[PDB]
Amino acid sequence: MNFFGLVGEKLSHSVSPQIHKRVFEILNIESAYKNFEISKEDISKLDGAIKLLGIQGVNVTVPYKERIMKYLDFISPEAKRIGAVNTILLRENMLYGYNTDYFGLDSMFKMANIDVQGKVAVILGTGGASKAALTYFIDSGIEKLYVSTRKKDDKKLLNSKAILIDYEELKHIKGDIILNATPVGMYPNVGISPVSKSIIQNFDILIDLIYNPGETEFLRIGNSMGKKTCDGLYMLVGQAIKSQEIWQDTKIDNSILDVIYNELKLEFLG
């Protein structure tokens, strides 16, 4: 038996433990995954506890994807590049950090048949997810990329090609894709969108990294205008599988993602 889990501040909504349970079941693996809610004042204690108790791996979510890096022994090059970690592996009392965010986005975009080549996109928010999305969009030949934040202050982006804007300036931007990388639209207030209907009207494709069985207001507003929408579930399943590949150091059959995603997509709702 090996133990794994998800580290974040508030996790009562998370579907990750269910996804990982399903992956272990399909692969006939003796392992278990639970939530590890940890307060901001306690995050410096995580690395010692993982090591002490032999927790083989953890995922990391908001708001710790950047702050956890200083506690790791080795950081994989893709995570260094992106500037955040969402997957940690314990081996020989050392912690290795990885980031499956770029991978999951690539996966989600291919599945949804969305080519970002020569397009205009806006990313909402500035966390680790936003950094991965920025990295993915730039590598994929995005023509114009904006990242929207509530207050610019002295924020700096990873690539000078990306344009930092606030939500006021966003009112006058028209583009192809708008991607939500903010924590807005999950478990508590599912009826609130990070952007108004007027801004949503200026885009053709909405991508929401959030997943909630009840559907986010962001995508609910997009669907009402006949816009192309995509939720975060496929990415969540792909990232779980990639994490599992890293933790076991073995590759998982390609067909498993679709099997798990389709079976889960029903369990929450028809």
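Each residue number is its position in the shown sequence, starting from 1.
Comparing 205-213 with 24-32, the higher mean C-alpha B-factor in the PDB entry belongs to 205-213. When the two stretches 74-82 and 109-117 are set side by side, the higher mean Cα temperature factor goes to 109-117. Among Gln56, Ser44, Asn223, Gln244, the highest C-alpha B-factor recorded in the PDB entry belongs to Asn223. Considering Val184, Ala129, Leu95, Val122 together, the PDB entry gives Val184 the largest C-alpha B factor. Among the modelled residues of its chain, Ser148 has a C-alpha B-factor that falls in the middle third according to the deposited record. When all modelled residues of the chain are sorted by CA temperature factor, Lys10 is found within the middle third.
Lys227: CA B factor lies in the highest third for its chain, per the PDB record. Split the chain's modelled residues into thirds by C-alpha temperature factor. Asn180 is in the middle one.
Among the modelled residues of the chain, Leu158 sits in the highest third by CA temperature factor in this PDB entry.
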